[PDB]
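Listed next as structure tokens is one chain, alone, in the form deposited in one PDB entry.
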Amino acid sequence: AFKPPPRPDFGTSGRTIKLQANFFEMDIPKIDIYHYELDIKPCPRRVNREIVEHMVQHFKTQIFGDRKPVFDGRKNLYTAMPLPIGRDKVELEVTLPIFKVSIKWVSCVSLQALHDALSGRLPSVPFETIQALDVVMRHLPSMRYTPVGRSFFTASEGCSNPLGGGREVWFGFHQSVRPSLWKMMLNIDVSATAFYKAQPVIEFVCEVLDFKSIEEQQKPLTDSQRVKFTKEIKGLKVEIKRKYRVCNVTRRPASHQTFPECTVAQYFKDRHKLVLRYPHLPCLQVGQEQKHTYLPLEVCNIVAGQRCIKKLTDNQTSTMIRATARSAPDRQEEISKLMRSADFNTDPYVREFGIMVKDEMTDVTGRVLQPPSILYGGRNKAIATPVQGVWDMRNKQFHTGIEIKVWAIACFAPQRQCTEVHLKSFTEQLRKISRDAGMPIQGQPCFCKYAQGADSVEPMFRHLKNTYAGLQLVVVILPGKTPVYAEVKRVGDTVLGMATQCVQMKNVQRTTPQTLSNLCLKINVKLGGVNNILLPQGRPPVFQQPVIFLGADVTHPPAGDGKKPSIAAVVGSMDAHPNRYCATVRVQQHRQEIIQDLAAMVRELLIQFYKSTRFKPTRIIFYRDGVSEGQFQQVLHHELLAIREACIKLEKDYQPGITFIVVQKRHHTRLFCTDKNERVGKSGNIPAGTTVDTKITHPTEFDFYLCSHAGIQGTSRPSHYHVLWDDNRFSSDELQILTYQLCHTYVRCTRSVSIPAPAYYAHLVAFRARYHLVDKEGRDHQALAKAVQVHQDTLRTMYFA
């Protein structure tokens, strides 16, 4: 439970492919530079950046001589040459167009220590050095553009991109400094997010309430209109010179609205001497709730550069997607255009520190791994061969297909829309596809009844269970999006323990062989079948001893939410294929990534593995989704020990080797085909199986990019895998092949998915817990805990399929 293992070696498996990556090489000088600790009394980050930039111009002659200090926005200051004050304190103060600021100088950043650590000589990558370089690259754009996370956004000049509702698209780019096997690298990627337009509040009202012009509404707002407007502007800032956080939209129109004893229209009529157009419309209530200052819509401006944190509307989203949808070559060229346009070398603050940035994307050589063969059953024992990460189920039967003899249907769609004919049609079509797949639906359903409302579910289901012995499955037709779905799964998964398979009504009226086939995949698994397996003799050597494959993920509540729990999920392989998985799930602290009750969850799974296979795992392979580099030590420290605790409290001296792997699907590394005839499909992406464990990866540690999936649309996200611990001493080859093969064991489709199945199931388990908790989200905890606790008959199934 200490620092991660070193890179054991480099992969050798697979044919080579020429790739470009959105990493731009950095030439860093071999000099020392100087860290200073600031403290400003009393502020937003951008306000503090402003204090220093004005302060440096003001104490130029006294202190900062021809220097270009960079400032991280709070209390870290860096200079290329030392400041003529030495080792001691200084208390300065600056003017606002009020601030005492303290400058010390704690440290000297060696820099040349970075080159040596990048050479692997020094085991440690010095973080406090990498911190400093990022502050260099961020200093200037942090004031010109509008920061959001590690990115930067600005209004596109020459073009506008409205979304409606007073919003518009702002294009921008992500920026980050990372170390690598080769050099320091600048990772750049284009991005876009919704912003509020800096228009008159009057015109803001118009876009939200759907007026072409002011004069449509001539007398004060409707009850309906004043709340809808209020909901949209409250929390946004506005300007007149001066700043104001909008806090409320008043009840009375300006002319009638009053403050102590004068009225705002009257107040503006003589003090600032302008009658109001639109005296009918109300006033904004600004700043403090306790205080009584009210502002007219007329004189107000929506202040520029405020990110839109509310969820977009559906047509707003449509507009956003349409604007930013981009094939991989188009993506590549846009990154390139931006970077030649950025001209990071001209940046004076960059120039101060003598940093040089490469004009072009780095060239990197990847390898394309071979897909494993997939083994089906029935009589043929057919073998399927993934081609460009895809295969099909025609002319093949499940390795272990379930014979279905007792089953029922429950339609919650209106009969006028979903008729008995449609159901009968759909049934015959399904039975056909299912027999071909080795999953004979041997008879007609023993039950078929229309229903309406979530109220009718539990009684209908309790009936079925009490009546039809050996009942295997209930198929449930739904009219579309409905609360019934959440209800059907609550009763099935948690209350009665009954297999259910829902189908949207539209996919019943009109069915297709592909859709029905994918449906049988889900069904056969839910009823304990094995769809396929990896070709046994084609697996890596690790399968020669008993091994369990764990997948784990946390899912946090949406943006803006304050009290909903985070949900941890852990699944474990239950056979030697590996194919069958059992799941565990927990509610835990709001926005905690660390899986709190992991040890209990792993113990549960280890026991079930033994009852299933009658083997004890000699090794445990742990795939952990979603952890960032910043949280690697904390998570590993807690979660690695939790796995050990599980093993130790199970049996004395039961110490299986642990391999701990973090899976990151969401980062800002993008890989492109250098050679045009390597591109795959309309989107023009790199092929499935593409592997990069050199050049752009970590200088000392064990990590690699693997893109295991076909890229249908946009630009593919190659998944990054990072090994935080490995008792089993894997080689790069074996772990990459293992990880790649597990992307083929995902039962919901005949494709190679973007992450290993165990981790993918961990997502599906979490998301299902989220469905159990809909509108239900010491005594607080136990209620939610029980909401996600599945029935005893469900515990050992793949209900999450």
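In case it trips you up, residue 1 is the first one in the sequence shown, and so on. The term rigid core refers to the maximal set of C-alpha atoms that superpose within 1.5 Å between the two forms.
FYI, the form deposited in another entry isn't displayed, but the following is about it.
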So which residue among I302, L83, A80, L640 shifts its CA at least 2 Å between this form and the one not shown once the core is superposed? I302
Core fit, then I321 C-alpha moves 2 Å or more between this form and the one not shown: yes
Does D693 move appreciably between this form and the one not shown, meaning a CA displacement of 2 Å or more on the superposed rigid core? no
Taking the rigid core as reference, does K396 move its C-alpha 2 Å or further between this form and the one not shown? no
